[PDB]
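Q: no sequence for this one, just the structure:
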């Protein structure tokens, strides 16, 4: 019985800019329960149909999990284009695997702020599929030095999410995983 | 070739209200002599990164020009609200090119102060993108034909005194 | 609308060391320019608000150069290098990116000071109130710190409650002191029963409780 | 330099028009937007709207249905008219000079402030009671005394001593609300008491809504 429980029932999920990748092998897993589970809001994937997953013996399984806002969730799919997709997590067009997302707004919000899950904005020079690069530094066009923030001149690339308001269908703190075969 | 030196090295600059326009085309202009110069305090470009304009060809560009304060430069932007973004030359919310400015206190100085400069400060309503109004008349609720009679134009009281020094603004829009 | 938040809501700071107040926004604050618009006001007790910082990085005229700000996007921070006796007040942060412009809850800064012994006084009623229909006796507390205290009125060695009110003053800007007073109301009919009245004062800096009393019948 | 100042009525009946005026002195006509702002008691501040010199203006969407504002160049005054008000609008009003016109919002100058109350009780006159010092009022070489004012409505009241010549040790505690419905407030002054017998104690009590000016005398014993 392969242990997907801790992957799907962990405590502290990694930030989007530094998503944690887990290795799964030498185990037998059942996909009947995952598709039969209605507690997960979104379960749609291709490359292999979900109903036929009970008869496969592929080599390696990757468990990637991170946290994204309820908006731009569809940007996780490959061949897309967006603020987060093209910049912090890009999937190749030759991708095979599935994407799973569920709401977890029961233990993140309705408090004096969350301030846990950072991200970088529309900057840098785009992304390639599967890099996981963290080079936090201050840079901006305009023939500038590197001394500090100085907005009239430079910016600090990363800022925070906000899920304090109870409002927002696409603003609730959703959690997402992407299994790759 | 397009002679940018005519507008960037002219002798006199029109006031903000009656700003002299220009339209240049059918020539070759390089966007490096002005970009690399260190005399420009501010050089902000919208919709295009400055060093790739040479690889782009357009139908026609424009060269607006006027004179404003130093601390009043920032109203020249897509959609603020002040004394120039509502009552004088006002940018639209659409595409805009590269807005330039620099300090020009060298040739605008001395005890008298260049009172020839003037600006509009008594407009009765908002403007349209690139309005360029030309008129002069009082406004008041007195129903008096030919006059209480405050002039609708004031004079920039310039003098060699950090947000009041003369600046030169030239806008490239295409 | 966009709502401002600050952290904390109250802050006690000893003179000499730097402090910091944070104001976090709910939407990105960066217009089409490179500027980010923000403000920081300071309301002393009994006065009108004043301007300290605008554009989050440029000071105002006449302000001492001890205050400064930084940050962009949705995070900003104000710091005071050395607090003084006049820095008692409530601080606010304003956003001005678009209509409407609303403030925050308001951080309260508290100044710290060595404990001093409170002074007590009692005010017997005069004949004007004795003939106007209601007699009032007032107990006075002056220049004490901290404000934490609690008083009782002992009328003929009997505890009284539910008919008294106390008044407190905001901390003074010259010596950092708190003052308190207590008021008791009573009608004429039941007033002519008791003889001795007193107010009870307990303070952290006082070794023992102090009781000051007076007897009715002496001018 | 500019010194703003308000003036107007203090008590207004429910569902009645409210009128004020923030006169401007010193710096005259110029290209500066002017605004208004208010503050609920013991809460945050609330900005209302701004008006230009010519007359163009923008309003807060919440209060865009029963509020108006104008200007008058000749008298250097601009007024705020609020109609069909409720009890929730009882607050203190400040008039600014910079205006938060969604561009920079530099509030360069603020006014003194005026408090307005919404109710249907009428204005009442106070009754000043002196706080005569006594033997128990002195513990050593220091004695304290003051004045008490009772049964006044509405707020506020200004208390001064010796026509402003006595500014050390003066204290004015915030007013309290009684169950009967009439406010109460007292003030006390502490002095290094060494010259009692000839010093004159006078508390300057004023009430603008009820134009009551009284200078009560306080004497020992």
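A: Done, it's in. Residues are numbered from 1 along each chain as shown, chains lettered A, B, ... in the order given.
Q: Note down every partner strand of the helix or strand harbouring residue A:176 and its orientation.
A: Take DSSP states H and E as the rule and residue A:176 turns out to sit in strand A:174-180. Pairing partners of strand A:174-180, with direction, according to DSSP bridges: strand A:61-67 (antiparallel), strand A:97-103 (antiparallel).
Q: Could you give me the buried positions within the first one?
A: Read that as strand A:61-67. For strand A:61-67, a neighbour-count test (16 or more other Cβ atoms under 10 Å in any protein chain shown) marks A:61, A:63-67 as buried. All C-beta atoms are positioned from the backbone trio N, CA, C, and that covers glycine.
Q: which among those residues gets closest to chain D?
A: residue A:67 (32.7 Å; Cβ to the nearest Cβ).
Q: how about the spatially most central residue of chain A, what does it touch?
A: Nearest residue to the geometric centre of chain A (Cα atoms, centre = their mean): residue A:66, 3.9 Å. Contacts of residue A:66 were listed using Cβ atoms under 8 Å, 6 or more residues apart in numbering or on different chains, and they are A:13-16, A:19-20, A:89, A:176.
Q: So residue C:102 versus residue C:26, what's the distance?
A: According to Cβ to Cβ, to the nearest Å, residue C:102 stands 11 Å off from residue C:26.
Q: The residue lying farthest from the centre of chain C and chain B, how far apart?
A: Relative to the centre of chain C, and counting by Cα atoms, centre = their mean, the farthest-placed residue is residue C:32 at 41.0 Å. Look at residue C:32 and chain B: by Cβ to the nearest Cβ, to the nearest Å, they are 5 Å apart.
Q: what about that residue, which helix or strand?
A: Using DSSP H and E, residue C:32 falls outside every helix and strand.
Q: Tell me who's in contact with it.
A: Counting by Cβ under 8 Å, 6+ apart, residue C:32 touches B:46, B:77-80.
Q: got TSV for the residues you listed, with distance to residue D:8 too?
A: Output for those, formatted as TSV (distance: Cβ to Cβ, whole Å):
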residue	distance to residue D:8
B:46	47
B:77	39
B:78	41
B:79	37
B:80	34
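Q: Tell me which two of those residues sit farthest apart.
A: B:46 and B:80 (13.5 Å; Cβ to Cβ).
Q: Next, work out how far apart the residue of chain A most remote from its centre and residue B:168 are.
A: Most distant residue from the mean C-alpha position of chain A: residue A:143, 34.2 Å away (Cα atoms, centre = their mean). As judged by Cβ to Cβ, residue A:143 and residue B:168 stand 20 Å apart.
Q: Which residues are in contact with the residue in chain A that chain B sits nearest to?
A: For chain A and chain B, the shortest gap (Cβ to the nearest Cβ) falls at residue A:141, measuring 7.1 Å. By Cβ under 8 Å, 6+ apart, the residues touching residue A:141 are B:49-50.
Q: Excluding covalently adjacent residues, which one is nearest to the residue of chain C found nearest chain D?
A: Closest to chain D within chain C is residue C:96: 3.2 Å, counting by Cβ to the nearest Cβ. Once flanking residues are discounted, residue C:96 sits nearest to residue D:105: 3.2 Å by Cβ to Cβ, 6 or more residues apart in numbering or on different chains.
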